[PDB]
Amino acid sequence: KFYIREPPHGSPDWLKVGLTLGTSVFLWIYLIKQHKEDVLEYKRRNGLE
Amino acid sequence: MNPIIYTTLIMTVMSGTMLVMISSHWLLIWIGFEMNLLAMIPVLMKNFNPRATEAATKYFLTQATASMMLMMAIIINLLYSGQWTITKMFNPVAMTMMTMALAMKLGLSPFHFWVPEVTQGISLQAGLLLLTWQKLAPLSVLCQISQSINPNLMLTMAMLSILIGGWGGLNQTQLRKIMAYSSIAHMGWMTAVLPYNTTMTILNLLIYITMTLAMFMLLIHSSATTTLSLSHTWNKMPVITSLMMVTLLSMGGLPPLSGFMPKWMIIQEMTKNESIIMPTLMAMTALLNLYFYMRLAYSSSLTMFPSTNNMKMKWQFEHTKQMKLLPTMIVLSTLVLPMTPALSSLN
Amino acid sequence: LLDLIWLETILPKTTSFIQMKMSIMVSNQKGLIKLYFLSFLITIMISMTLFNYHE
Amino acid sequence: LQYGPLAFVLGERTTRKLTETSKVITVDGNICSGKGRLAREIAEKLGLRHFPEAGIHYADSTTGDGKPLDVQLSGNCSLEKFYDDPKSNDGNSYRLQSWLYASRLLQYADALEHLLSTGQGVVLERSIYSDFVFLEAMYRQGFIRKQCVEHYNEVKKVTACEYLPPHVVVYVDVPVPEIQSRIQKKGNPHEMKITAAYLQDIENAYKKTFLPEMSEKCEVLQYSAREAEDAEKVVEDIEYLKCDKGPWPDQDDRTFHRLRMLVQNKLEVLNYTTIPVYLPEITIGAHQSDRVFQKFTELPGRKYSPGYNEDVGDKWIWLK
Amino acid sequence: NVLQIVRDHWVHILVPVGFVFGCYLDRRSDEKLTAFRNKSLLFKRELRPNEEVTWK
Amino acid sequence: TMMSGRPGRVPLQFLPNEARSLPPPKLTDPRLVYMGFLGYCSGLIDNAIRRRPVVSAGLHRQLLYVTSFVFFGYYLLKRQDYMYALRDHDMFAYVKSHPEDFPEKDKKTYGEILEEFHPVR
Amino acid sequence: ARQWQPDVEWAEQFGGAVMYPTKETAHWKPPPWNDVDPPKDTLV
Amino acid sequence: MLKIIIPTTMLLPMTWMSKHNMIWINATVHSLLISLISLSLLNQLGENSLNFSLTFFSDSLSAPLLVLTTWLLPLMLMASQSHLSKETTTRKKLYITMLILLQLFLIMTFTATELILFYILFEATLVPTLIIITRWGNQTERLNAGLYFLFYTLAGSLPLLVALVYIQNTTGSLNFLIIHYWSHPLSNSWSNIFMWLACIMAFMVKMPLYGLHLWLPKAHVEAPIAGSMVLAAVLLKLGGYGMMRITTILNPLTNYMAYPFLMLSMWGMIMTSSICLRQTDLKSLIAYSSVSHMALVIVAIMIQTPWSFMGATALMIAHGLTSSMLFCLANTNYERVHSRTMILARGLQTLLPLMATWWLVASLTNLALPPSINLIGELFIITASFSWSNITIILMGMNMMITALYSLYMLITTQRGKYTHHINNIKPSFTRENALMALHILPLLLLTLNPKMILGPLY
Amino acid sequence: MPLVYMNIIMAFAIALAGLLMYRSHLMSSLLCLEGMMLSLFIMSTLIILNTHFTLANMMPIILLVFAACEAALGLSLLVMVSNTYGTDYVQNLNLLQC
Ligand SMILES: CCCCCCCCCCCCCCCCCC(=O)OC[C@H](COP(=O)([O-])OCC(O)COP(=O)([O-])OC[C@@H](COC(=O)CCCCCCCCCCCCCCCCC)OC(=O)CCCCCCCCCCCCCCCCC)OC(=O)CCCCCCCCCCCCCCCCC
Ligand SMILES: CCCCCCCCCCCCCCCCC[C@@H](O)O[C@H](CO[C@H](O)CCCCCCCCCCCCCCC)COP(=O)(O)OCC[N+](C)(C)C
Ligand SMILES: CCCCCCCC/C=C\CCCCCCCC(=O)O[C@H](COC(=O)CCCCCCC/C=C/CCCCCCCC)COP(=O)(O)OCCN
Ligand SMILES: Nc1ncnc2c1ncn2[C@@H]1O[C@H](COP(=O)(O)OP(=O)(O)O)[C@@H](O)[C@H]1O
């Protein structure tokens, strides 16, 4: 074991873990939506379909 | 120094360089330079010792002289045309005065003498700010007036800077002086391509800033300011030594490391307009920078220097304050060559 | 005579000697501001007399 | 929130936690004295935290678990070999002296950090300011060379200047023959080899250098063997002192902030102990250094950070 | 006993899947250079009555 | 600099509306894959520096690294493609606008072009 | 039997103020470990 | 051709994800499998090269070199797992990572269709070799050697880059196919002369030339066994491949410009053959033999005739294999005796008979014994030079004699005579060393069965 | 150009040379800097008044303001130098070399 408090505890800091996971998910869905909007806009501007 | 005072001085330095880089008036640019110098002087003296005091004195004297000649150039340009806008600046005498003033502010040869000394006197944190951030404003002013720059003077000063940095770096054992001479050589490299294309100047500035940042934060992590003190960290943090060797290889300019991208590009940009001798001279001279980087790498990681007994105690303790942006800086300093074409986003 | 003496003397050893001499000459400054500020004055005069005189 | 510049910016200051009972207390005495029991009693009566004397394996009790490590991995020196063979040709004497000085420096940093963070005082059993008496005793007896004491002086000059001296210094004065009698009566087979000249040199260095120097910055309370048992009297003398001469009342909040940022992060505390000075006693070759470092890394809880060692039962690693 | 053997020898498929991915990548690269398929003056040829491409 | 001064150029846009007429890079673009690989390498280096199990210390941190690198790389690639397209468009427009400076020369065949022969001997 | 590694004699070349010591720079002293020169006994 | 490149980039993490005692087995097995896969590029069209994509193409000159590199990696792994037994797991993995990165860079170098990419990878090969030499050497000179091995290269190759970009500013492209199809003669002018020098000097110093060979003995002596293998077998052939690729544009300036280089190559081949006789070291003799053979290859490339090109390719492959085998044979004795002196351990035939047989076969293949591919390349080069000038044979003939002499000299000094009477730690040869020798020697005979695979595109 | 402009420019050049000569002291160089600033102020105000640039009239004043800052800065450093050495001589600033 450790005689010190071990600032990294036996369980992770769930606040920071949740913040990081939420940030990753938000960025991924934002990228997906942005790509969809961009391809739709390109198709509309070029008149392809 | 109080943390509030320190952060407000840093913010004032950044505000001064922002004022330089966003102003269309010559007087506002001069005001930004003055604010930058005034708020930068105490930052060097955060840790008080006679060496820091004399480094601050030399820096202040050099910057004050440069500002004086810069203002004289502005006044002469106003005299020969009632224009305040930062523009072509047709007058040759005023343009020469401004070129010399900005060269002294940057540290180009033969105005390089203050760079190795001041870096030696100040702390690594202070030194990092001086070598990285204090180059944006003069380079921006040079970029705005690049079309009027006389190629002969600028190229002569750039070649002198490269030669002097390469030769001076060969002799130093202190890490801060090595970094200062490397900075002089890099300033020469970026200044060389300025009359032809400022996009390459900006790209070289970005890559040099990334490499110098990674170098300095690695040096701060293993608190060593000399070659022998750096020869001990293999017995404490070998990963730091390996990353440091890779970063030194990148700074040397070896491919496929990122440090090869600016030089190559610059050479290409100088070949598009019938400049052949000068890039060859620059490459053969930067071989010297590579040599002393290689000597540092030999002393640091590729060999194992004898250690001390008390180092055993250091084995039981961890580094408390951890720099967040160090891994990103290392990665951008080494593995970013295949994304070379993205430089088109810089114009 | 050829490999260990003269081929070493011409390309590598001469280069090392010249670079060492130049490094010693460049990096030997006493640190006094007076001397290299006088050098700054000389540089300013040379630049203002040798570059912009012809336009 | 871990203390730092931001924690200092809003809220937390140091001078608002000092309750006039900080009183960094250092108890000094010659070999085999009653200084340890006196220090424990003073700490108990005054309500301060007692710091036992920094041994060879003091740093082992602060990291990981309190169990000491092997002598090869920590210290690389022994007191018994110094007592049996003080003039050994492997440089054990100065290696032990330097390791003990570094351990005392670490203990002083720990005590200062505790006092600044909590406000409760500390009672040490020997400080870095009185560690040089053993060095002078070794040098005068020919146990160590002059280059060793020069290296020690350089390390002390670059290290001890960053801290503050103890508020009050307590000295227990015991005559040399009484010390020899107590050593003989103790029973440890190695301490019976301590010559009288060694103890005499220790006490001479003490009385001639340490106390006169500390009298200019602190308050010195010399005692005797007979009056060192009634700890109530010494507690009364301590609590009826006039603390106005040292630099402690001349400390501002910024100075305390800098000192607190320095005492934690023990790497900066021990930075200047391993200066690149190549003395045969302390210098270690590359091969032995590599072997010993590899051996230390293979310890059960020393491979990774103190919270990322699955060997010692740490869980949820992949989410920390 | 699949657990231990799999957890110890899962590294023995990285090279084969790398080879398969390399073949797949070559084909993808291949599909982008069909600008002159069945248009060379030397190999121009009328199609079979069921085939649609000369080569893939 | 050549493209710093250009008519109808908003200063700090980083992505003009005119750039929306170009096809966006695919999400499986090899450059985006390299950006994600760079993020993974940065995460591994972060794990190594902090003295943590390099491969599997923090999965959320590595995921955030990769996501941030990919997110920045998408827009960087978009801007780079826009800049190259603009350069090509300007070059073609200038070539068309000045036919005298880029004339169509004759197309001679090798049967009438006389090239001197260098024997190897 | 084992790979050669630097010793004290090889390490001491990088201990001076500068490499390539000439007669003029032979009296140059290396800077103090902490960048604090000792106070001068200035009689004022 | 990503089916070969990707498996190497997968060899990297599987090496980094293997068990502590299973790294060598996995590395050897999968490197052998990758070499077997790369053996499929030998099917070459007689008309033109195989153009897989816009970046990678394979010719009749590239395929034997690729096969040689992919076959080399397992041999280096086998030879490296003897002196690295006491190393830690992380450093062993780092060594294997350096070897894998070097192979990957070589593979991408030999097939790059664009000259700037070829230069980038041909210079990227410098970092792993330098790290290996300066980190896993044995003596204190290795650092110096590394410095030489770096700068002698870079000072010769930095101008080339400029020339390359200059060409791209003049012709408009650097793709090899466009360069070959749109090639135009070079007029006689100082500008074109310096362009020729810039394009040639890098590959000249990478061979190396006689006057620029000083780095090779240092690099090949102070490097570990695998470093010596990769330096003497494939890393030398980079200059020859580059010259054979770049001489297309240099005509007709080459005929005037090749006289000093041809003279240097011939006289230096004679000089290095003579130097091999009076050598007290064992690895230096092999290094100077490599120098002589590469000088012959330089002459072949410079005279620029199809027979010379065929002989150059054959000699390159044969010399790579033979020098690798000789270095391994010397390394076994060095591990036995812990010294590099040639006359220290004598009469080893009475103690190690099979190793004596391997030494005899390697020495026989070193002195161009018929019908081995060494003699095929040497004889083609000699015939081409004789057509170039009837006097050259004299020099060539001289070299041949000297070659045989020093080869047999070594074979007589280390194997024949009586033992030293005081080296009692010469254990019997392991299975690993004999297997390494057999895997070195059998491909030479198998290739001399079917030589058209290693005769290059001019066949 | 009239003789007044050339006299002001010559004064600025003389002040710049005097700053660059560095005889013995440090206050003398600060005086040279202040003289250069005064010459710049005079030149700027003469140019502004001659061409009737109305809005530019506050330009010199701002100049003067920053001049004060520079002077203050220099004086501060001088004090520290004195407190380190008891004398403002520039010969003592030689702890750092190139
Ligand atoms: C072109 C193709 C790609 C190539 C690109 C380049 C290579 C990749 C990118 C590089 C960056 C990524 C990794 C670097 C950071 C890692 C840090 C580290 O130290 O690693 C140790 C770490 C072992 O540590 P551990 O396990 O925690 O426990 C042992 C302790 O750490 C005990 O540790 P220790 O500290 O006690 O050990 C001492 C050691 C510790 O020091 C080191 O280990 C050196 C660290 C490497 C330097 C980082 C350089 C930064 C990146 C620049 C790369 C330049 C590339 C250009 C080519 C030139 C190369 C110089 O120090 C020494 O031994 C000193 C010897 C001096 C040697 C000088 C050479 C140093 C430079 C070598 C750089 C080579 C390139 C990186 C290759 C990968 C290396 C991990 O290695 C790993 O386990 C991770 C390696 C990567 C894992 C890949 C797995 C991927 C996912 C698995 C599945 C695969 C796909 C599955 C799907 C299949 C479909 C079904
Ligand atoms: C070498 C690695 C460098 C990396 C740099 C840091 C990367 C992360 C930082 C986040 C990037 C955001 C910064 C800017 C985004 C919004 C601001 C935007 O409006 O800026 C505009 C456009 O943004 C910038 O101009 C370009 C930013 C793109 C930076 C990437 C270039 C890196 C070099 C290529 C190597 C590959 C690196 C890959 C990185 C992962 C400015 O337009 P403009 O007012 O008209 O410019 C005037 C000055 N000029 C004309 C002389 C240039
Ligand atoms: C191991 C050490 C080996 C060192 C080898 C280094 C020497 C390499 C040979 C010279 C390299 C530089 C040549 C330049 C690169 C080619 C570019 C080019 O061809 O452009 C020429 C320009 O050519 C030059 O400018 C060359 C100038 C050379 C300056 C540097 C000299 C280096 C040393 C000279 C002697 C080296 C040659 C022999 C060395 C042998 C090895 C020791 C044409 O000029 P344009 O702008 O197009 O205008 C013409 C139409 N009006
Ligand atoms: N700097 C030092 N050098 C050598 N020995 C030391 C040093 N510091 C402490 N010691 C040893 O620590 C031992 C225990 O200390 P001491 O106070 O005399 O006994 P006790 O703990 O019973 O009171 C002593 O034998 C002393 O020699």
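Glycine gets a Cβ as well: all are built from the backbone with ideal geometry, and neighbour counts include every protein chain shown. No lab work stands behind these numbers, since they all come straight from the coordinates.
Here are the numbers:
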item: Criterion (under 26 Å from A:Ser11 (Cβ atoms), within 9 Å of another protein chain (Cβ to nearest Cβ) and touching a residue at least 24 places away in the same chain (Cβ under 8 Å)) met by exactly one of F:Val70, F:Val66; result: F:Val66
item: Residue match in the range H:218-240 (condition: surrounded by fewer than 19 Cβ atoms within 10 Å (Cβ to Cβ), out of contact with any strand residue (DSSP E or B) (no Cβ under 7 Å at 6 or more places or on another chain) and in a loop (DSSP other than H, G, I, E, B)); result: no
item: Residues being more than 18 Å from the chain's Cα centre (by Cα) and surrounded by fewer than 19 Cβ atoms within 10 Å (Cβ to Cβ) - total across the range I:64-83; result: 4
item: Residues (away from ligand 1 (no atom under 12 Å from the Cβ), among the hydrophobic types (A, V, I, L, M, F, W, C) and in a loop (DSSP other than H, G, I, E, B)) located in the range B:316-347; result: B:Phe317, B:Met323, B:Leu325
item: Spans of helices (runs of 4 or more DSSP H) in the range B:157-230 with at least 1 residues within 16 Å of the chain's Cα centre (by Cα); result: B:175-192, B:198-221
item: Cross-chain or 6+ apart pairs with Cβ under 6 Å, the range D:20-32 first and of a type in the set (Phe, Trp, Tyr), then assigned to a loop (DSSP other than H, G, I, E, B) and away from ligand 3 (no atom under 16 Å from the Cβ); result: none
item: Some residue of the range D:175-184 being more than 16 Å from ligand 2 (Cβ to nearest atom), surrounded by 18 or more Cβ atoms within 10 Å (Cβ to Cβ) and outside any helix (DSSP H, G or I); result: no
item: The range B:236-255, residues that are more than 11 Å from ligand 1 (Cβ to nearest atom) and either not in a helix (DSSP H, G or I) or not aliphatic (A, V, I, L, M) (or both); result: B:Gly252, B:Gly253
item: Any hit, the range D:149-158, residues being away from ligand 1 (no atom under 16 Å from the Cβ), within 29 Å of D:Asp84 (Cβ to Cβ) and surrounded by fewer than 17 Cβ atoms within 10 Å (Cβ to Cβ); result: yes
item: Residues of the range B:261-282 that turn out to be surrounded by fewer than 20 Cβ atoms within 10 Å (Cβ to Cβ), facing another protein chain (nearest Cβ under 8 Å) and either touching a strand residue (DSSP E or B) at 6+ places or on another chain (Cβ under 8 Å) or part of a helix (DSSP H, G or I) (or both), as a count; result: 1
item: Residue ID - farthest from the other protein chains (Cβ to nearest Cβ), chosen from residues in the range H:105-157 that are more than 22 Å from H:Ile178 (Cα to Cα) and either basic (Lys, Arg) or within 16 Å of ligand 2 (Cβ to nearest atom) (or both); result: H:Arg142
item: From B:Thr53, B:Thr17, residue being over 21 Å from G:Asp35 (Cα atoms), of a type in the set (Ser, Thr, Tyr), in a helix (DSSP H, G or I) and away from chain D (no Cβ under 14 Å); result: B:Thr17
item: The range B:105-119, residues that are within 14 Å of the chain's Cα centre (by Cα), surrounded by 24 or more Cβ atoms within 10 Å (Cβ to Cβ) and not in a loop (DSSP other than H, G, I, E, B); result: B:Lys105, B:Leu106, B:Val115, B:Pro116, B:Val118, B:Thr119
item: Among (1) surrounded by fewer than 18 Cβ atoms within 10 Å (Cβ to Cβ); (2) within 12 Å of chain B (Cβ to nearest Cβ) - the single one F:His89 does not satisfy; result: (2)
item: Residue check, I:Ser28 crowded, with 18+ Cβ neighbours inside 10 Å and assigned to a helix (DSSP H, G or I); result: no
item: Selected residue [among the polar types (S, T, N, Q), under 26 Å from B:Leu243 (Cβ atoms) and touching a residue at least 24 places away in the same chain (Cβ under 8 Å)] from H:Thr129, H:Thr134; result: H:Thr129
item: Residue, farthest from ligand 1 (Cβ to nearest atom), within the range B:187-217, restricted to residues that are within 12 Å of chain F (Cβ to nearest Cβ) and farther than 21 Å from B:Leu102 by Cα; result: B:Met217
item: Residue ID - farthest from F:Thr1 (Cα to Cα), chosen from residues in the range B:321-337 that are at the interface with another protein chain (Cβ under 7 Å from one of its Cβ atoms), more than 9 Å from ligand 2 (Cβ to nearest atom) and in contact with a helix residue (DSSP H, G or I) (Cβ under 9 Å, 6 or more places away or on another chain); result: B:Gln322
item: Lone qualifier among B:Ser301, B:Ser258 - being of a type outside the set (D, E, K, R), within 14 Å of chain D (Cβ to nearest Cβ) and within 13 Å of ligand 1 (Cβ to nearest atom); result: B:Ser301
item: Some residue of the range F:36-47 being within 16 Å of ligand 2 (Cβ to nearest atom), of a type outside the set (D, E, K, R), surrounded by 14 or more Cβ atoms within 10 Å (Cβ to Cβ) and closer than 30 Å to F:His89 by Cβ; result: no
item: Residue that is farthest from ligand 2 (Cβ to nearest atom) [pool: residues in the range H:194-217 that are part of a loop (DSSP other than H, G, I, E, B) and within 14 Å of chain C (Cβ to nearest Cβ)]; result: H:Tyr210
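One line per residue, one yes/no per condition, for (1) under 26 Å from B:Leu219 (Cβ atoms); (2) over 20 Å from the mean Cα position of the chain (by Cα); (3) part of a helix (DSSP H, G or I):
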position: F:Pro7; (1), (2), (3): no, yes, no
position: F:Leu15; (1), (2), (3): no, no, no
position: F:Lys26; (1), (2), (3): no, no, no
position: F:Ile45; (1), (2), (3): yes, yes, yes
position: F:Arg51; (1), (2), (3): yes, yes, no
position: F:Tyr65; (1), (2), (3): yes, yes, yes
position: F:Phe71; (1), (2), (3): no, no, yes
position: F:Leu76; (1), (2), (3): no, no, yes
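Each row is one residue, and each column tells you yes or no for (1) within 16 Å of ligand 1 (Cβ to nearest atom); (2) in contact (Cβ under 8 Å) with a residue 60 or more places away in the chain; (3) in contact with a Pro (Cβ under 7 Å, 6 or more places away or on another chain); (4) within 21 Å of H:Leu315 (Cα to Cα).
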site: H:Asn169; (1), (2), (3), (4): no, no, no, no
site: H:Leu174; (1), (2), (3), (4): no, yes, no, no
site: H:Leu177; (1), (2), (3), (4): no, yes, no, no
site: H:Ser189; (1), (2), (3), (4): no, no, no, no
site: H:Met195; (1), (2), (3), (4): no, no, no, no
site: H:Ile200; (1), (2), (3), (4): no, yes, no, yes
site: H:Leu209; (1), (2), (3), (4): no, yes, no, yes
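Quick grid of which residues meet (1) over 29 Å from I:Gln91 (Cβ atoms); (2) without any contact (Cβ under 8 Å) to a residue 12 or more places away in the chain; (3) not in a loop (DSSP other than H, G, I, E, B); (4) not aromatic (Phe, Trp, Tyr):
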| site | (1), (2), (3), (4) |
| --- | --- |
| C:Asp3 | yes, yes, yes, yes |
| C:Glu8 | yes, yes, yes, yes |
| C:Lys13 | yes, yes, yes, yes |
| C:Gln19 | yes, yes, yes, yes |
| C:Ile24 | no, yes, yes, yes |
| C:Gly31 | no, yes, no, yes |
| C:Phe37 | no, yes, yes, no |
| C:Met45 | no, yes, yes, yes |
| C:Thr49 | yes, yes, yes, yes |
